[PDB]
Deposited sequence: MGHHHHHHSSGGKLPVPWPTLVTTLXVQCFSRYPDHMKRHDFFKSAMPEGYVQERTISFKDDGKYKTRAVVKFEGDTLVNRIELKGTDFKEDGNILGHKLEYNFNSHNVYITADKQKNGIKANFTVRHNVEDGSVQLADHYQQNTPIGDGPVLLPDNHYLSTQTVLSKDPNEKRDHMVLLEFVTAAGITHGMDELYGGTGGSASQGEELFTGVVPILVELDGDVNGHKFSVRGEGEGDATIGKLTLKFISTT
């Protein structure tokens, strides 16, 4: 059984599948970094609770876009909204604000996730994010803009193990040869190795992304 609520892992579990409108395609750092990819690092501060630190490698492995993550979580309260499993099984729309990191040749992002709590309150998860390209080639450093997200979480009736089904749509707003790798439907593999409060777990996800419409379709299975 997952030691934390599935919604708290959503943002950690491939922004290269965001739909950048034609007038913004010169601002799409994520696709410009492919195929070598990028390292995505976050600190996620759950207000009045613990923190996640994550480091992920996002790159192509042949035809598959892979997101391989290490997650370390600490300082969660036993009676809080996370370890107490008080979060609703849903996900709000967020705006992910992106700025260029002209020192690392990459980007930073900042946003605050709002997790609905079963008692009507909101649990904030403040995200600080930095992405650095792995490859040598030129990448696109964007003007300030944001990604606008939508996500629904469900369960596979035929699935038996602890799992999460996710459908997500993301479009860029607010204003490369790598992008040519995203013209069709691309298979996705996500692998997460986690430790929260000393509770170790793993998550494996598979699905597909369609960047032409900003769509992600994934099923995640836990192991503990």
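Against the full deposited sequence, the model leaves out several stretches, namely 1-12, 26, 189-203.
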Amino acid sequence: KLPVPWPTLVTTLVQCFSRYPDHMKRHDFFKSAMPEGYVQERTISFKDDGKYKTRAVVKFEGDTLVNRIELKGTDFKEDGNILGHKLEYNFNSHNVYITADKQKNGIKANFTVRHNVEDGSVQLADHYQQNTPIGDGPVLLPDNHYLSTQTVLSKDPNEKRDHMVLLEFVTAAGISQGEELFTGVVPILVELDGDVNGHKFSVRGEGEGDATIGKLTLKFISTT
From here on, numbers count along this sequence of modelled residues.
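Stretches compared: 154-162, 47-55. Higher mean C-alpha B-factor in the entry: 154-162. Per the PDB record, of the two stretches 28-36 and 180-188, 180-188 carries the greater mean B-factor over its C-alpha atoms. In the PDB entry, residue 3 places in the highest third of its chain by CA B-factor. Residue 23: CA B factor lies in the highest third for its chain, per the PDB record.
Residue 102: CA B factor in the highest third of modelled residues in this chain (values from the PDB entry). When the modelled residues of the chain are ordered by their C-alpha B factor, residue 173 lands in the highest third.
Among all modelled residues in its chain, residue 121 ranks in the highest third by Cα B-factor.
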